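Coordinate analysis (summary)
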Amino acid sequence: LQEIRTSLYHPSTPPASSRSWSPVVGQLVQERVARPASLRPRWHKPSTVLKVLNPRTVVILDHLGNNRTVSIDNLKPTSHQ
DNA sequence: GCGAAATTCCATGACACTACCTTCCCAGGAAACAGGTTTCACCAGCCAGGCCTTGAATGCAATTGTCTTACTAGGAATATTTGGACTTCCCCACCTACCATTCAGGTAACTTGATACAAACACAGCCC
């Protein structure tokens, strides 16, 4: 049974598309506003990546003084650095 | 030909009707409250003696309950006559919804002010 468990199907990683982007420690990033009210900013003010944990999970330093460990499906690259 | 600069490219994401709802956090303070201690004074519990009120027994008087009759008025049916509630249609003024502006009130604070309560000695009213 221990050799049954180690022969299981592993999923496939999709090919990385052309307009991907990678976080850089020091790059300016903007989180998404949590529950965006009507006629309000979708995004907060810029923030600087403290630490990168994997290429999908990044610790940013929010305007509140917050070490809010967000995903990279949250963030956007800060335009025109 | 390299580099700098001017330009075209293309992958992508967000717009689609939106707020509540739940549970935990935070928070400051405060709300008293629930908890508890402390002490003094008072109100409640105790018991009995005297008297007054209630209960009962009663006799009787008129009050009340029943019976009977002549009758008055109530009700119903009528025609009609009359008095109106609501449906109808339309327009205007009034209430509202809104923002900006400002004023007033509530909280809050520091002070002030004034009255009520607590105490003491005496007075008056009513009762035994």
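- The deposited coordinates, according to the entry record, derive from cryo-EM at 3.9 Å resolution.

1. A closer look at the protein's contact with DNA strand B
- The environment of DNA strand B is made up of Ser17, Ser18, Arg19, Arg32, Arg35 and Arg42.
- Of what DNA strand B places within 4 Å of the protein, 71% of the atoms are sugar or phosphate.
- Between DNA strand B and the protein, one listed contact pairs a phosphate oxygen with a side-chain N or O atom of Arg42 at 3.3 Å.
- Of the residues belonging to the surface near DNA strand B, the class tally is no nonpolar, two polar and four charged.

2. Looking at the pattern of salt bridges
- Under the definition given, this model contains two salt bridges.
- Note that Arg68 is salt-bridged to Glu31, the shortest N-O span being 2.9 Å. In this pair, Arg68 is assigned in the loop between β3 (57-60) and β4 (69-71) and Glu31 in the loop between β1 (28-30) and β2 (47-54), connecting sequence segments 37 residues apart.
- On the basis of relative accessible area, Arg68 is assigned to the partly exposed category, the value being 32%.
- Two residues, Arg56 and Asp73, come together in a salt bridge whose shortest N-O distance is 2.4 Å.

Rules behind the numbers
- Residues numbered from 1 in each chain as written, not as in the entry; some residues may be left out.
- Chains lettered and ligands numbered in written order.
- Part of a larger assembly, values for the part shown.
- Heavy atoms only, no water.
- Near = heavy atom within 4 Å.
- Polar contact = N/O pair within 3.5 Å; in protein donor to acceptor, adjacent residues only side chain to side chain.
- Nonpolar A, V, L, I, M, F, W, Y, C, P; charged D, E, K, R; others polar.
- Salt bridge = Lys/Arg side-chain N within 4 Å of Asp/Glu carboxyl O.
- Helix = DSSP H or I, 4+ residues; strand = E, 2+ residues; numbered from the N terminus.
- Buried < 20%, exposed > 50% of the residue type's maximum accessible area, 1.4 Å probe, protein only.

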